[PDB]
Structure formats: structure tokens, C-alpha cells
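Shown below: target19.txt, with compact mmCIF, N, CA and C atoms and all ligand atoms.
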# COMPACT_ATOMS: atom_id res chain seq x y z
N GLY A 417 42.87 16.63 -12.59
CA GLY A 417 42.36 15.23 -12.50
C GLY A 417 41.81 14.73 -13.83
N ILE A 418 42.54 13.82 -14.47
CA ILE A 418 42.16 13.31 -15.79
C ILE A 418 42.12 11.77 -15.88
N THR A 419 41.20 11.28 -16.72
CA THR A 419 41.05 9.88 -16.99
C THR A 419 41.27 9.66 -18.49
N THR A 420 42.22 8.78 -18.83
CA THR A 420 42.56 8.45 -20.21
C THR A 420 42.10 7.01 -20.51
N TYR A 421 41.36 6.84 -21.60
CA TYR A 421 40.95 5.52 -22.11
C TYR A 421 41.87 5.13 -23.28
N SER A 422 42.53 3.98 -23.15
CA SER A 422 43.32 3.36 -24.19
C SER A 422 42.63 2.12 -24.74
N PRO A 423 42.12 2.17 -25.99
CA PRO A 423 41.39 1.03 -26.55
C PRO A 423 42.30 -0.15 -26.87
N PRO A 424 41.73 -1.35 -27.07
CA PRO A 424 42.53 -2.47 -27.58
C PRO A 424 43.17 -2.04 -28.91
N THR A 425 44.40 -2.49 -29.17
CA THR A 425 45.13 -2.13 -30.38
C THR A 425 44.80 -3.09 -31.54
N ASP A 426 43.52 -3.10 -31.93
CA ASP A 426 43.03 -3.96 -33.00
C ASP A 426 43.10 -3.27 -34.36
N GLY A 427 43.39 -1.97 -34.34
CA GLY A 427 43.45 -1.13 -35.50
C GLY A 427 42.18 -0.33 -35.70
N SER A 428 41.12 -0.67 -34.94
CA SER A 428 39.90 0.13 -34.89
C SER A 428 39.94 1.13 -33.69
N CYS A 429 41.12 1.29 -33.06
CA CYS A 429 41.38 2.22 -31.94
C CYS A 429 40.57 3.52 -32.01
N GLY A 430 40.67 4.21 -33.16
CA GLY A 430 39.98 5.46 -33.41
C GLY A 430 38.49 5.40 -33.16
N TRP A 431 37.85 4.31 -33.58
CA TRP A 431 36.39 4.17 -33.43
C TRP A 431 36.00 3.73 -32.01
N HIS A 432 36.93 3.04 -31.34
CA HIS A 432 36.78 2.64 -29.95
C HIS A 432 36.81 3.89 -29.05
N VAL A 433 37.71 4.82 -29.40
CA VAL A 433 37.81 6.11 -28.73
C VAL A 433 36.48 6.87 -28.78
N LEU A 434 35.86 6.95 -29.95
CA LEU A 434 34.57 7.65 -30.08
C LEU A 434 33.46 6.91 -29.34
N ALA A 435 33.50 5.58 -29.40
CA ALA A 435 32.52 4.74 -28.72
C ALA A 435 32.57 5.01 -27.21
N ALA A 436 33.79 5.05 -26.66
CA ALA A 436 34.03 5.35 -25.25
C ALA A 436 33.46 6.72 -24.82
N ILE A 437 33.73 7.76 -25.61
CA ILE A 437 33.21 9.10 -25.31
C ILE A 437 31.70 9.02 -25.18
N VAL A 438 31.05 8.31 -26.11
CA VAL A 438 29.59 8.24 -26.14
C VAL A 438 29.10 7.36 -24.98
N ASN A 439 29.84 6.28 -24.72
CA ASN A 439 29.51 5.35 -23.66
C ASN A 439 29.61 6.01 -22.29
N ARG A 440 30.60 6.90 -22.12
CA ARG A 440 30.77 7.70 -20.88
C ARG A 440 29.63 8.73 -20.76
N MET A 441 29.37 9.49 -21.82
CA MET A 441 28.31 10.51 -21.79
C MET A 441 26.96 9.90 -21.46
N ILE A 442 26.67 8.73 -22.04
CA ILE A 442 25.38 8.08 -21.88
C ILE A 442 25.27 7.21 -20.61
N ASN A 443 26.32 6.46 -20.26
CA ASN A 443 26.26 5.48 -19.17
C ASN A 443 27.24 5.68 -18.03
N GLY A 444 28.15 6.64 -18.18
CA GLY A 444 29.22 6.86 -17.21
C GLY A 444 30.38 5.89 -17.36
N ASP A 445 30.34 5.08 -18.43
CA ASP A 445 31.30 4.01 -18.64
C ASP A 445 32.28 4.38 -19.74
N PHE A 446 33.50 4.73 -19.34
CA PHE A 446 34.50 5.29 -20.23
C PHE A 446 35.34 4.18 -20.86
N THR A 447 34.67 3.38 -21.69
CA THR A 447 35.24 2.24 -22.41
C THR A 447 34.43 2.02 -23.67
N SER A 448 35.02 1.33 -24.64
CA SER A 448 34.33 1.00 -25.88
C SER A 448 33.54 -0.28 -25.67
N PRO A 449 32.21 -0.28 -25.93
CA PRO A 449 31.44 -1.52 -25.99
C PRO A 449 31.49 -2.21 -27.37
N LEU A 450 32.27 -1.68 -28.32
CA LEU A 450 32.34 -2.25 -29.66
C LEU A 450 33.18 -3.52 -29.67
N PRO A 451 32.72 -4.61 -30.31
CA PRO A 451 33.54 -5.81 -30.51
C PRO A 451 34.85 -5.44 -31.19
N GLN A 452 35.94 -6.10 -30.80
CA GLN A 452 37.21 -5.91 -31.45
C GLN A 452 37.08 -6.23 -32.93
N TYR A 453 37.78 -5.45 -33.75
CA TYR A 453 37.81 -5.59 -35.23
C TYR A 453 39.23 -5.31 -35.72
N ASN A 454 39.96 -6.38 -36.06
CA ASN A 454 41.33 -6.27 -36.50
C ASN A 454 41.33 -5.75 -37.94
N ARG A 455 42.09 -4.67 -38.14
CA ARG A 455 42.12 -3.82 -39.36
C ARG A 455 43.55 -3.71 -39.86
N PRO A 456 43.81 -3.80 -41.18
CA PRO A 456 45.13 -3.48 -41.72
C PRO A 456 45.43 -1.98 -41.50
N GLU A 457 46.71 -1.64 -41.34
CA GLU A 457 47.16 -0.27 -41.04
C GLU A 457 46.57 0.79 -41.99
N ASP A 458 46.48 0.47 -43.28
CA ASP A 458 45.83 1.32 -44.29
C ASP A 458 44.37 1.73 -44.03
N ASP A 459 43.71 1.03 -43.11
CA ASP A 459 42.31 1.30 -42.76
C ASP A 459 42.15 1.81 -41.32
N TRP A 460 43.27 2.21 -40.70
CA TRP A 460 43.25 2.85 -39.39
C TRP A 460 42.58 4.19 -39.55
N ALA A 461 41.67 4.53 -38.62
CA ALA A 461 40.96 5.81 -38.61
C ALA A 461 41.97 6.94 -38.53
N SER A 462 41.79 7.94 -39.40
CA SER A 462 42.70 9.07 -39.54
C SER A 462 42.14 10.25 -38.76
N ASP A 463 42.97 11.27 -38.53
CA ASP A 463 42.53 12.50 -37.84
C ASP A 463 41.28 13.05 -38.51
N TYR A 464 41.21 12.92 -39.84
CA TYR A 464 40.13 13.51 -40.67
C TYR A 464 38.85 12.70 -40.48
N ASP A 465 38.97 11.36 -40.44
CA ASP A 465 37.83 10.46 -40.20
C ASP A 465 37.21 10.76 -38.85
N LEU A 466 38.05 10.79 -37.81
CA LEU A 466 37.60 11.08 -36.44
C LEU A 466 36.87 12.41 -36.35
N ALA A 467 37.44 13.44 -36.99
CA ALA A 467 36.88 14.80 -36.98
C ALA A 467 35.49 14.88 -37.62
N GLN A 468 35.31 14.17 -38.75
CA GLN A 468 34.04 14.10 -39.45
C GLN A 468 32.98 13.35 -38.63
N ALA A 469 33.41 12.30 -37.93
CA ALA A 469 32.52 11.50 -37.09
C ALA A 469 32.12 12.26 -35.84
N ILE A 470 33.08 12.96 -35.23
CA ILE A 470 32.78 13.88 -34.12
C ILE A 470 31.60 14.80 -34.49
N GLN A 471 31.65 15.40 -35.68
CA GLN A 471 30.56 16.27 -36.13
C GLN A 471 29.22 15.57 -36.40
N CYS A 472 29.25 14.36 -36.97
CA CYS A 472 28.04 13.55 -37.15
C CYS A 472 27.40 13.24 -35.81
N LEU A 473 28.22 12.78 -34.86
CA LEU A 473 27.76 12.40 -33.53
C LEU A 473 27.59 13.61 -32.59
N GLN A 474 28.04 14.79 -33.03
CA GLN A 474 27.96 16.04 -32.27
C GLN A 474 28.59 15.92 -30.89
N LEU A 475 29.82 15.41 -30.84
CA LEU A 475 30.54 15.16 -29.62
C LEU A 475 31.34 16.37 -29.16
N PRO A 476 31.38 16.67 -27.84
CA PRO A 476 32.24 17.72 -27.31
C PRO A 476 33.69 17.22 -27.22
N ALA A 477 34.28 16.84 -28.37
CA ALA A 477 35.64 16.30 -28.45
C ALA A 477 36.53 17.05 -29.46
N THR A 478 37.86 16.98 -29.27
CA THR A 478 38.86 17.60 -30.12
C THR A 478 39.96 16.58 -30.42
N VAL A 479 40.60 16.72 -31.59
CA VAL A 479 41.80 15.98 -31.93
C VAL A 479 42.92 16.96 -31.68
N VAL A 480 43.78 16.68 -30.69
CA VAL A 480 44.81 17.63 -30.31
C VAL A 480 46.04 17.44 -31.18
N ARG A 481 46.70 18.56 -31.48
CA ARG A 481 47.87 18.69 -32.38
C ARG A 481 49.04 19.30 -31.60
N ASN A 482 48.94 20.60 -31.32
CA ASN A 482 49.91 21.35 -30.53
C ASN A 482 49.23 21.69 -29.21
N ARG A 483 48.53 22.83 -29.18
CA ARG A 483 47.69 23.28 -28.05
C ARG A 483 46.38 22.48 -28.08
N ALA A 484 45.92 22.01 -26.92
CA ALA A 484 44.60 21.44 -26.75
C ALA A 484 43.59 22.55 -26.52
N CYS A 485 42.44 22.44 -27.19
CA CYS A 485 41.34 23.36 -27.04
C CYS A 485 40.89 23.37 -25.58
N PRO A 486 40.89 24.55 -24.92
CA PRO A 486 40.51 24.64 -23.51
C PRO A 486 39.00 24.47 -23.30
N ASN A 487 38.20 24.56 -24.38
CA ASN A 487 36.75 24.34 -24.32
C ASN A 487 36.28 22.89 -24.52
N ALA A 488 37.21 21.98 -24.81
CA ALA A 488 36.87 20.59 -25.16
C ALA A 488 36.86 19.72 -23.91
N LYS A 489 35.72 19.07 -23.65
CA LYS A 489 35.66 18.10 -22.56
C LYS A 489 36.52 16.84 -22.82
N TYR A 490 36.47 16.32 -24.05
CA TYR A 490 37.21 15.08 -24.45
C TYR A 490 38.37 15.45 -25.38
N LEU A 491 39.55 14.90 -25.10
CA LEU A 491 40.77 15.17 -25.85
C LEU A 491 41.27 13.88 -26.47
N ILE A 492 41.13 13.76 -27.79
CA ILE A 492 41.65 12.64 -28.55
C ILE A 492 43.12 12.92 -28.90
N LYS A 493 44.00 11.99 -28.52
CA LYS A 493 45.44 12.05 -28.77
C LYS A 493 45.92 10.72 -29.29
N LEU A 494 47.09 10.73 -29.94
CA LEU A 494 47.77 9.48 -30.22
C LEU A 494 49.17 9.48 -29.64
N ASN A 495 49.44 8.50 -28.76
CA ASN A 495 50.80 8.19 -28.32
C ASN A 495 51.32 7.01 -29.12
N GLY A 496 52.48 7.20 -29.75
CA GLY A 496 52.96 6.32 -30.79
C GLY A 496 52.04 6.52 -31.97
N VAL A 497 51.36 5.45 -32.37
CA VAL A 497 50.47 5.46 -33.52
C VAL A 497 49.07 4.94 -33.16
N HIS A 498 48.73 5.02 -31.87
CA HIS A 498 47.46 4.53 -31.36
C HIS A 498 46.68 5.64 -30.72
N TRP A 499 45.39 5.72 -31.08
CA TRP A 499 44.49 6.71 -30.54
C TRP A 499 44.14 6.40 -29.08
N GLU A 500 44.07 7.46 -28.27
CA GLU A 500 43.57 7.45 -26.90
C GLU A 500 42.72 8.67 -26.71
N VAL A 501 41.91 8.67 -25.65
CA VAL A 501 41.06 9.81 -25.32
C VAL A 501 41.06 10.11 -23.81
N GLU A 502 41.21 11.39 -23.49
CA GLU A 502 41.17 11.90 -22.13
C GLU A 502 39.86 12.59 -21.93
N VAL A 503 39.32 12.48 -20.71
CA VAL A 503 38.18 13.27 -20.28
C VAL A 503 38.62 14.15 -19.12
N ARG A 504 38.19 15.41 -19.17
CA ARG A 504 38.28 16.39 -18.05
C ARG A 504 37.08 16.14 -17.13
N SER A 505 37.29 15.50 -15.98
CA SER A 505 36.22 14.76 -15.30
C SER A 505 35.09 15.66 -14.81
N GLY A 506 35.47 16.83 -14.27
CA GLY A 506 34.53 17.85 -13.86
C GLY A 506 33.88 18.42 -15.10
N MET A 507 34.27 19.65 -15.44
CA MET A 507 33.93 20.32 -16.69
C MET A 507 32.62 19.92 -17.38
N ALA A 508 31.71 20.88 -17.46
CA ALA A 508 30.53 20.78 -18.31
C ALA A 508 30.98 20.77 -19.78
N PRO A 509 30.35 19.95 -20.64
CA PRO A 509 30.69 19.93 -22.06
C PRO A 509 30.24 21.22 -22.76
N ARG A 510 31.02 21.68 -23.73
CA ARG A 510 30.73 22.87 -24.57
C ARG A 510 30.61 22.40 -26.03
N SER A 511 29.66 22.96 -26.78
CA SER A 511 29.55 22.76 -28.22
C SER A 511 30.74 23.45 -28.90
N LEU A 512 31.54 22.67 -29.63
CA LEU A 512 32.78 23.14 -30.26
C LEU A 512 32.55 23.47 -31.73
N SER A 513 33.33 24.42 -32.25
CA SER A 513 33.36 24.75 -33.67
C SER A 513 34.27 23.76 -34.39
N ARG A 514 34.23 23.77 -35.73
CA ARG A 514 35.04 22.87 -36.59
C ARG A 514 36.51 23.04 -36.23
N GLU A 515 36.97 24.28 -36.05
CA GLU A 515 38.37 24.59 -35.75
C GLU A 515 38.80 24.00 -34.43
N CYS A 516 37.92 24.09 -33.42
CA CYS A 516 38.16 23.50 -32.10
C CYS A 516 38.24 21.97 -32.24
N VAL A 517 37.27 21.38 -32.95
CA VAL A 517 37.19 19.93 -33.16
C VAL A 517 38.46 19.40 -33.84
N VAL A 518 38.93 20.13 -34.86
CA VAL A 518 40.05 19.71 -35.68
C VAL A 518 41.39 19.98 -34.98
N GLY A 519 41.37 20.84 -33.95
CA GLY A 519 42.53 21.12 -33.11
C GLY A 519 43.44 22.21 -33.64
N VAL A 520 42.85 23.20 -34.31
CA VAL A 520 43.59 24.33 -34.88
C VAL A 520 43.04 25.68 -34.40
N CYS A 521 42.24 25.66 -33.34
CA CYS A 521 41.65 26.86 -32.75
C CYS A 521 42.77 27.68 -32.12
N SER A 522 42.68 29.01 -32.23
CA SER A 522 43.74 29.90 -31.74
C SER A 522 43.48 30.36 -30.30
N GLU A 523 44.55 30.88 -29.68
CA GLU A 523 44.56 31.30 -28.28
C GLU A 523 43.30 32.08 -27.90
N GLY A 524 42.57 31.55 -26.91
CA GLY A 524 41.39 32.18 -26.38
C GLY A 524 40.19 32.09 -27.29
N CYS A 525 39.97 30.90 -27.88
CA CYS A 525 38.73 30.57 -28.58
C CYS A 525 37.56 30.51 -27.58
N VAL A 526 36.34 30.61 -28.11
CA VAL A 526 35.11 30.67 -27.30
C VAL A 526 34.07 29.63 -27.77
N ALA A 527 33.43 28.97 -26.80
CA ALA A 527 32.44 27.92 -27.04
C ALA A 527 31.25 28.06 -26.09
N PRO A 528 29.99 27.89 -26.58
CA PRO A 528 28.82 27.93 -25.70
C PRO A 528 28.56 26.61 -24.98
N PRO A 529 27.71 26.59 -23.93
CA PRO A 529 27.35 25.34 -23.26
C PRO A 529 26.75 24.32 -24.23
N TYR A 530 27.13 23.04 -24.09
CA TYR A 530 26.54 21.89 -24.83
C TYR A 530 25.16 21.61 -24.25
N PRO A 531 24.08 21.57 -25.07
CA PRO A 531 22.72 21.36 -24.56
C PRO A 531 22.41 19.90 -24.16
N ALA A 532 21.40 19.72 -23.31
CA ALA A 532 20.99 18.40 -22.81
C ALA A 532 20.58 17.47 -23.95
N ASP A 533 19.97 18.05 -24.98
CA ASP A 533 19.52 17.33 -26.17
C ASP A 533 20.55 17.32 -27.30
N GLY A 534 21.81 17.65 -26.97
CA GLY A 534 22.87 17.81 -27.95
C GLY A 534 23.30 16.53 -28.65
N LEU A 535 23.20 15.40 -27.95
CA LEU A 535 23.67 14.10 -28.44
C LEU A 535 22.55 13.39 -29.19
N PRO A 536 22.81 12.80 -30.38
CA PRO A 536 21.78 12.09 -31.14
C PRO A 536 21.14 10.92 -30.36
N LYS A 537 19.81 10.82 -30.45
CA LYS A 537 19.00 9.78 -29.81
C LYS A 537 19.75 8.48 -29.50
N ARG A 538 20.23 7.81 -30.55
CA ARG A 538 20.83 6.45 -30.50
C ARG A 538 22.17 6.50 -31.23
N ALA A 539 23.06 7.38 -30.76
CA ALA A 539 24.34 7.68 -31.40
C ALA A 539 25.28 6.48 -31.44
N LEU A 540 25.22 5.65 -30.40
CA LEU A 540 26.12 4.50 -30.23
C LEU A 540 25.74 3.30 -31.13
N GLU A 541 24.43 3.15 -31.39
CA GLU A 541 23.95 2.16 -32.33
C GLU A 541 24.47 2.57 -33.69
N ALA A 542 24.28 3.84 -34.04
CA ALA A 542 24.81 4.40 -35.28
C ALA A 542 26.28 4.02 -35.49
N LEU A 543 27.11 4.28 -34.48
CA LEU A 543 28.55 4.00 -34.57
C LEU A 543 28.84 2.50 -34.71
N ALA A 544 28.06 1.68 -33.99
CA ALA A 544 28.15 0.23 -34.07
C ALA A 544 27.93 -0.30 -35.49
N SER A 545 26.90 0.22 -36.17
CA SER A 545 26.55 -0.20 -37.53
C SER A 545 27.64 0.13 -38.54
N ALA A 546 28.36 1.23 -38.31
CA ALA A 546 29.22 1.84 -39.32
C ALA A 546 30.73 1.59 -39.20
N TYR A 547 31.21 1.20 -38.02
CA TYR A 547 32.66 1.21 -37.69
C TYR A 547 33.42 0.11 -38.45
N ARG A 548 32.76 -0.96 -38.93
CA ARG A 548 33.44 -2.04 -39.69
C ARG A 548 33.52 -1.69 -41.19
N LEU A 549 32.77 -0.67 -41.64
CA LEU A 549 32.97 -0.10 -42.97
C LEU A 549 34.41 0.40 -43.10
N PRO A 550 34.95 0.61 -44.32
CA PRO A 550 36.25 1.27 -44.47
C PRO A 550 36.26 2.59 -43.68
N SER A 551 37.37 2.90 -43.02
CA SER A 551 37.42 4.03 -42.09
C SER A 551 36.90 5.35 -42.67
N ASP A 552 37.19 5.60 -43.95
CA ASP A 552 36.80 6.85 -44.63
C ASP A 552 35.30 6.89 -45.02
N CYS A 553 34.61 5.75 -44.88
CA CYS A 553 33.17 5.63 -45.12
C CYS A 553 32.31 5.63 -43.84
N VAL A 554 32.96 5.48 -42.68
CA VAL A 554 32.25 5.29 -41.41
C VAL A 554 31.31 6.46 -41.10
N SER A 555 31.79 7.69 -41.28
CA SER A 555 31.01 8.89 -40.98
C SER A 555 29.72 8.92 -41.78
N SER A 556 29.84 8.65 -43.08
CA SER A 556 28.68 8.53 -43.96
C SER A 556 27.73 7.44 -43.48
N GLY A 557 28.30 6.31 -43.04
CA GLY A 557 27.55 5.25 -42.39
C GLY A 557 26.77 5.77 -41.19
N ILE A 558 27.48 6.39 -40.24
CA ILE A 558 26.85 6.98 -39.05
C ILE A 558 25.70 7.89 -39.46
N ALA A 559 25.97 8.82 -40.38
CA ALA A 559 24.98 9.78 -40.86
C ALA A 559 23.75 9.09 -41.47
N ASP A 560 23.98 8.03 -42.26
CA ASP A 560 22.92 7.21 -42.85
C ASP A 560 21.97 6.69 -41.77
N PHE A 561 22.54 6.06 -40.73
CA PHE A 561 21.80 5.51 -39.60
C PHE A 561 20.91 6.55 -38.92
N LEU A 562 21.48 7.73 -38.65
CA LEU A 562 20.81 8.80 -37.92
C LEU A 562 19.68 9.48 -38.72
N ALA A 563 19.67 9.24 -40.04
CA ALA A 563 18.61 9.73 -40.92
C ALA A 563 17.41 8.78 -40.96
N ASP A 564 17.66 7.47 -40.82
CA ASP A 564 16.59 6.47 -40.69
C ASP A 564 17.08 5.12 -40.17
N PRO A 565 16.93 4.83 -38.85
CA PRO A 565 17.23 3.51 -38.30
C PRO A 565 16.02 2.65 -37.93
N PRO A 566 16.20 1.33 -37.69
CA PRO A 566 15.07 0.40 -37.52
C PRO A 566 14.51 0.29 -36.09
ZN ZN B 601 38.99 25.78 -29.07

Whole structure given in C-alpha cells:
Amino acid sequence: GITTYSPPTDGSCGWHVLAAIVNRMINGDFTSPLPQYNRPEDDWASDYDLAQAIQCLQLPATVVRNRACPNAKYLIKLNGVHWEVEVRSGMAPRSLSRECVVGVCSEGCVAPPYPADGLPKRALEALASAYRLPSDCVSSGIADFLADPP
């Protein structure tokens, strides 16, 4: 039993995917609350951008390549050239390693339970502030916010 979120194809798809994961974890609402932001193709969030942001936001998510990490609650995929995200609806979230997050973990990787305090205080505000920055700067943006917000 799986639920897949497909964001509006504004070119900020990648950041809408992360927004949705956070929006589901926090509110049960598996959709992006971020305003649409039309982006040239050159500024589409890359696998590397998403992976760095996952770590800033400390999300139990993976970018899948070949095999999907069996420890990942959220699975970021692209069909065609647009990012989407699946949630394993049951499944308790597990804290993932860099290899799991990046989608290169090998057969029978291991992950511990994700803690109740695992998610940053105001993670979604952080993402809101940063997602209109150039895609490769967004993570730094997110990190900036989480170090001191208003
Ligand atoms: Zn893994």
C-alpha cells in the first residue's frame, strides 16, 4: 500500500517533494504548501541538491536509482524528468546513512529507529525561505535558517 505525491510541474518539483514529506510528517498532509515557482530547466533541483537538503532537514528519505533502500520511509523518484515521492504508509521512519539517502546502499543495509525529536523545530519554514534561491544554494539557505530564525 503506497501513496505517491506528484508536485505541480513548475520546475521547483524537487523542493515541492521535500515540502510534502515534511508536511506529511508534521500535519499528515502529503502535499507541498509551497507557492508555485516557475524555474528554467538549468535550475531544476538535482539528485545532489535533494540529497544535501534531506540531510539538513534530517528526513527519512532516499533518492532511488536501481534498488530502493528498504529502510527508507519516503522514496524520491523521477518519472520522465519530474520528481515524485512515495510514502510507505505503515512503516516507522528510520534514520538513514548518507549511502541510504543517496540511493547507493548495498543489499541488506541497516538503519536505527528515527527519534521523536529527529525533525528540526521549524523545518518547513526553513525550506520556504530557501527554495526560491538557486537550486544549488537552497541547502545552505535551509541550514542558515536552522542556525538562527526570527
Ligand atoms: Zn539503505

**OP:** Kindly work out which residues sit at most 5 Å from ligand ZN 601 (chain B), using only N, CA and C atoms and all ligand atoms, and give the list as number ranges by chain.
**Re:** A: 485-487, 516, 521, 525

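Take the candidates A:496, A:424, A:449, A:476 and check each one against residue 530 (chain A) using only N, CA and C atoms; the shortest distance goes to A:476.
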
**OP:** Neighbourhood query: residues within 7 Å of (33.0, 7.6, -31.5), file coordinates, counting only N, CA and C atoms; return as a list in words.
**Re:**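 Taken together, the residues in range are residues 430, 431, 432, 433, 434, 435, 436, 437, 438, 469, 470 and 543 of chain A.
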
**OP:** Calculate how many Å separate CA of residue 475 (chain A) from atom C of residue 562 (chain A), rounding to one decimal.
**Re:** 15.3 Å

Subject >> Separation of CA of residue 428 (chain A) from CA of residue 548 (chain A), in Å and rounded to one decimal >> reply: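 These two atoms are separated by 8.3 Å.
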
Excluding residue 498 (chain A) and its own-chain neighbours fewer than 6 positions away, which residues fall within 10 Å of it when counting only C-alpha atoms? Please give them as an mmCIF file with N, CA and C atoms, keeping the file's coordinate frame.
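Okay, this is what ended up in around.cif:
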data_model
loop_
_atom_site.group_PDB
_atom_site.id
_atom_site.type_symbol
_atom_site.label_atom_id
_atom_site.label_comp_id
_atom_site.auth_asym_id
_atom_site.auth_seq_id
_atom_site.Cartn_x
_atom_site.Cartn_y
_atom_site.Cartn_z
ATOM 1 N N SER A 422 42.530 3.980 -23.150
ATOM 2 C CA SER A 422 43.320 3.360 -24.190
ATOM 3 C C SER A 422 42.630 2.120 -24.740
ATOM 4 N N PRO A 423 42.120 2.170 -25.990
ATOM 5 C CA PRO A 423 41.390 1.030 -26.550
ATOM 6 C C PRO A 423 42.300 -0.150 -26.870
ATOM 7 N N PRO A 424 41.730 -1.350 -27.070
ATOM 8 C CA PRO A 424 42.530 -2.470 -27.580
ATOM 9 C C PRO A 424 43.170 -2.040 -28.910
ATOM 10 N N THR A 425 44.400 -2.490 -29.170
ATOM 11 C CA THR A 425 45.130 -2.130 -30.380
ATOM 12 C C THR A 425 44.800 -3.090 -31.540
ATOM 13 N N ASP A 426 43.520 -3.100 -31.930
ATOM 14 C CA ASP A 426 43.030 -3.960 -33.000
ATOM 15 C C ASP A 426 43.100 -3.270 -34.360
ATOM 16 N N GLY A 427 43.390 -1.970 -34.340
ATOM 17 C CA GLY A 427 43.450 -1.130 -35.500
ATOM 18 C C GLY A 427 42.180 -0.330 -35.700
ATOM 19 N N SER A 428 41.120 -0.670 -34.940
ATOM 20 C CA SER A 428 39.900 0.130 -34.890
ATOM 21 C C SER A 428 39.940 1.130 -33.690
ATOM 22 N N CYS A 429 41.120 1.290 -33.060
ATOM 23 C CA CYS A 429 41.380 2.220 -31.940
ATOM 24 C C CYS A 429 40.570 3.520 -32.010
ATOM 25 N N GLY A 430 40.670 4.210 -33.160
ATOM 26 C CA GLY A 430 39.980 5.460 -33.410
ATOM 27 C C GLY A 430 38.490 5.400 -33.160
ATOM 28 N N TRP A 460 43.270 2.210 -40.700
ATOM 29 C CA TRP A 460 43.250 2.850 -39.390
ATOM 30 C C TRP A 460 42.580 4.190 -39.550
ATOM 31 N N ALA A 461 41.670 4.530 -38.620
ATOM 32 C CA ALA A 461 40.960 5.810 -38.610
ATOM 33 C C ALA A 461 41.970 6.940 -38.530
#

Write out as a PDB file with N, CA and C atoms, in the coordinates of the input all residues of chain A that backbone DSSP assigns to strand (DSSP E).
ATOM      1  N   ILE A 418      42.540  13.820 -14.470  1.00  0.00           N
ATOM      2  CA  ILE A 418      42.160  13.310 -15.790  1.00  0.00           C
ATOM      3  C   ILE A 418      42.120  11.770 -15.880  1.00  0.00           C
ATOM      4  N   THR A 419      41.200  11.280 -16.720  1.00  0.00           N
ATOM      5  CA  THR A 419      41.050   9.880 -16.990  1.00  0.00           C
ATOM      6  C   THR A 419      41.270   9.660 -18.490  1.00  0.00           C
ATOM      7  N   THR A 420      42.220   8.780 -18.830  1.00  0.00           N
ATOM      8  CA  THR A 420      42.560   8.450 -20.210  1.00  0.00           C
ATOM      9  C   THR A 420      42.100   7.010 -20.510  1.00  0.00           C
ATOM     10  N   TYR A 421      41.360   6.840 -21.600  1.00  0.00           N
ATOM     11  CA  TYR A 421      40.950   5.520 -22.110  1.00  0.00           C
ATOM     12  C   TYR A 421      41.870   5.130 -23.280  1.00  0.00           C
ATOM     13  N   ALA A 477      34.280  16.840 -28.370  1.00  0.00           N
ATOM     14  CA  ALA A 477      35.640  16.300 -28.450  1.00  0.00           C
ATOM     15  C   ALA A 477      36.530  17.050 -29.460  1.00  0.00           C
ATOM     16  N   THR A 478      37.860  16.980 -29.270  1.00  0.00           N
ATOM     17  CA  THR A 478      38.860  17.600 -30.120  1.00  0.00           C
ATOM     18  C   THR A 478      39.960  16.580 -30.420  1.00  0.00           C
ATOM     19  N   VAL A 479      40.600  16.720 -31.590  1.00  0.00           N
ATOM     20  CA  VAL A 479      41.800  15.980 -31.930  1.00  0.00           C
ATOM     21  C   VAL A 479      42.920  16.960 -31.680  1.00  0.00           C
ATOM     22  N   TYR A 490      36.470  16.320 -24.050  1.00  0.00           N
ATOM     23  CA  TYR A 490      37.210  15.080 -24.450  1.00  0.00           C
ATOM     24  C   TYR A 490      38.370  15.450 -25.380  1.00  0.00           C
ATOM     25  N   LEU A 491      39.550  14.900 -25.100  1.00  0.00           N
ATOM     26  CA  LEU A 491      40.770  15.170 -25.850  1.00  0.00           C
ATOM     27  C   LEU A 491      41.270  13.880 -26.470  1.00  0.00           C
ATOM     28  N   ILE A 492      41.130  13.760 -27.790  1.00  0.00           N
ATOM     29  CA  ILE A 492      41.650  12.640 -28.550  1.00  0.00           C
ATOM     30  C   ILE A 492      43.120  12.920 -28.900  1.00  0.00           C
ATOM     31  N   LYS A 493      44.000  11.990 -28.520  1.00  0.00           N
ATOM     32  CA  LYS A 493      45.440  12.050 -28.770  1.00  0.00           C
ATOM     33  C   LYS A 493      45.920  10.720 -29.290  1.00  0.00           C
ATOM     34  N   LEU A 494      47.090  10.730 -29.940  1.00  0.00           N
ATOM     35  CA  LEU A 494      47.770   9.480 -30.220  1.00  0.00           C
ATOM     36  C   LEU A 494      49.170   9.480 -29.640  1.00  0.00           C
ATOM     37  N   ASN A 495      49.440   8.500 -28.760  1.00  0.00           N
ATOM     38  CA  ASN A 495      50.800   8.190 -28.320  1.00  0.00           C
ATOM     39  C   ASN A 495      51.320   7.010 -29.120  1.00  0.00           C
ATOM     40  N   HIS A 498      48.730   5.020 -31.870  1.00  0.00           N
ATOM     41  CA  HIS A 498      47.460   4.530 -31.360  1.00  0.00           C
ATOM     42  C   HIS A 498      46.680   5.640 -30.720  1.00  0.00           C
ATOM     43  N   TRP A 499      45.390   5.720 -31.080  1.00  0.00           N
ATOM     44  CA  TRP A 499      44.490   6.710 -30.540  1.00  0.00           C
ATOM     45  C   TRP A 499      44.140   6.400 -29.080  1.00  0.00           C
ATOM     46  N   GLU A 500      44.070   7.460 -28.270  1.00  0.00           N
ATOM     47  CA  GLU A 500      43.570   7.450 -26.900  1.00  0.00           C
ATOM     48  C   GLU A 500      42.720   8.670 -26.710  1.00  0.00           C
ATOM     49  N   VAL A 501      41.910   8.670 -25.650  1.00  0.00           N
ATOM     50  CA  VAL A 501      41.060   9.810 -25.320  1.00  0.00           C
ATOM     51  C   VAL A 501      41.060  10.110 -23.810  1.00  0.00           C
ATOM     52  N   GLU A 502      41.210  11.390 -23.490  1.00  0.00           N
ATOM     53  CA  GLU A 502      41.170  11.900 -22.130  1.00  0.00           C
ATOM     54  C   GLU A 502      39.860  12.590 -21.930  1.00  0.00           C
ATOM     55  N   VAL A 503      39.320  12.480 -20.710  1.00  0.00           N
ATOM     56  CA  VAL A 503      38.180  13.270 -20.280  1.00  0.00           C
ATOM     57  C   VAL A 503      38.620  14.150 -19.120  1.00  0.00           C
ATOM     58  N   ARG A 504      38.190  15.410 -19.170  1.00  0.00           N
ATOM     59  CA  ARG A 504      38.280  16.390 -18.050  1.00  0.00           C
ATOM     60  C   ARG A 504      37.080  16.140 -17.130  1.00  0.00           C
TER      61      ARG A 504
END

Original post:
Nearest to residue 535 (chain A) among A:551, A:473, A:559, A:505, with distances taken over only N, CA and C atoms: which residue is it?
Top reply: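 The shortest atom-to-atom distance to residue 535 (chain A) comes from A:473.
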
**OP:** Based on DSSP run over this structure's backbone, return all residues of chain A in alpha helix (DSSP H), as a count of residues only.
**Re:** 49

**OP:** Would you mind telling me which residue in A:563, A:553, A:533, A:467 lies nearest to residue 518 (chain A) when using only C-alpha atoms?
**Re:**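 Answer, going by the shortest atom-to-atom distance: A:467.
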
Subject >> Counting only C-alpha atoms, the option among A:439, A:495, A:462, A:448 closest to residue 538 (chain A) >> reply: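 The answer is A:439, which sits nearest to residue 538 (chain A).
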